[PDB]
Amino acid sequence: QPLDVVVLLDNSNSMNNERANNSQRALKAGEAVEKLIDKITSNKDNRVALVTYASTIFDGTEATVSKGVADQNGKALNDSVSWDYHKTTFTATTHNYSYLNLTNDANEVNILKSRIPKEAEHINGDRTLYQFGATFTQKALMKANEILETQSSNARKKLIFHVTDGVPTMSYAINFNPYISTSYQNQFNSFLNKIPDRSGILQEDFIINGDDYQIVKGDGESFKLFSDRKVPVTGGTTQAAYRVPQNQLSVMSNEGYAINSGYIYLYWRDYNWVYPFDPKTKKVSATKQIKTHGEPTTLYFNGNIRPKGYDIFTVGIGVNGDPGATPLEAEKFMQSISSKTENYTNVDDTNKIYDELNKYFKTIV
């Protein structure tokens, strides 16, 4: 049986070659993927596809991300020193680092290989694209799944190789209904009940039908969703605040900001809150609560990908759960998105990445 292989490649900001003590994660990950691609395609029967991801799919199309904090009414502002306060979404053309069609055409394969990234965005480089450097694992897995489901067949052996250095910091929302009396726990159980083994949630019960920036949970801040909606002062315990300069007071007042004696007190934007919550009164669920991006990603995986029988291998790079997951949560998570528990390996050395990919390829061929 010929092989149809999707490589999923993390190009998050944390992969930038200067990070983790100059260990060159993007370079080494990129070359490992390149070598894997050559090894797979030396059999003419085998096809390959490439999905590079961070906050979105890097496929050369335009994407939008939401950022910033908010006042007590959820009115968004960017408190960064590098951006005007109105700059609460970014819209940019992504790098073309993906090849979304399974191919065994030699010319096409070389095009795929030429799109493999060897670097990630730098905080002092392209600061707009840097906004797109978070970790939206579910979207990437959805894309790899979409390629195989639409382009492969029941007659072909299907593999995913996933190279990542971080737990998800964004997720698609589970579609809880706030306007019925059924508890959020009962609604969640009804979602599970649609899968034979009760272990996951079908794509149809996620909010998918709209632009990511409007509908996704998380903005790269954390693996966790926050129960305390107040932004703390870094190095205090008290709630952070944005001090309105004198010449911006009337404008910010007219814009509608909640200004209290010259200060706007700072809250996480509501895509970063524990959910579900009542959309009008803001009251959080008193039963089922989603508190991490790992949970919905794993529920998505079990409901929609895991039944399909693929071999899915995951190579982590210095994975420790940052930001917001414990090392144990991160490990279980990465295994939960691999087709077997032993199909996840976490390296502490970027020079071992290819060898772990090869090891996994060797169990197949």
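The first residue of the shown sequence is 1; numbering continues from there.
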| query | finding |
| --- | --- |
| Higher-scoring stretch by recorded Cα B factor average, 206-214 or 193-201 | 193-201 |
| Mean temperature factor over C-alpha atoms, higher-scoring stretch between 54-62 and 38-46 | 38-46 |
| Most elevated Cα B-factor in the entry, residues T91, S253, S183, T292 | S253 |
| Of the residues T287, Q187, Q248, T137, the one carrying the largest Cα B-factor as recorded | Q248 |
| Assigned third (lowest, middle, highest) for the C-alpha B factor of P296 | lowest |
| Chain thirds of CA B-factor: placement of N22 | highest |
| Among modelled residues of the same chain, the CA temperature factor third for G303 | lowest |
| CA B-factor ranking of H162, expressed as a third of its chain | lowest |
| Among modelled residues of the same chain, the CA temperature factor third for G30 | middle |
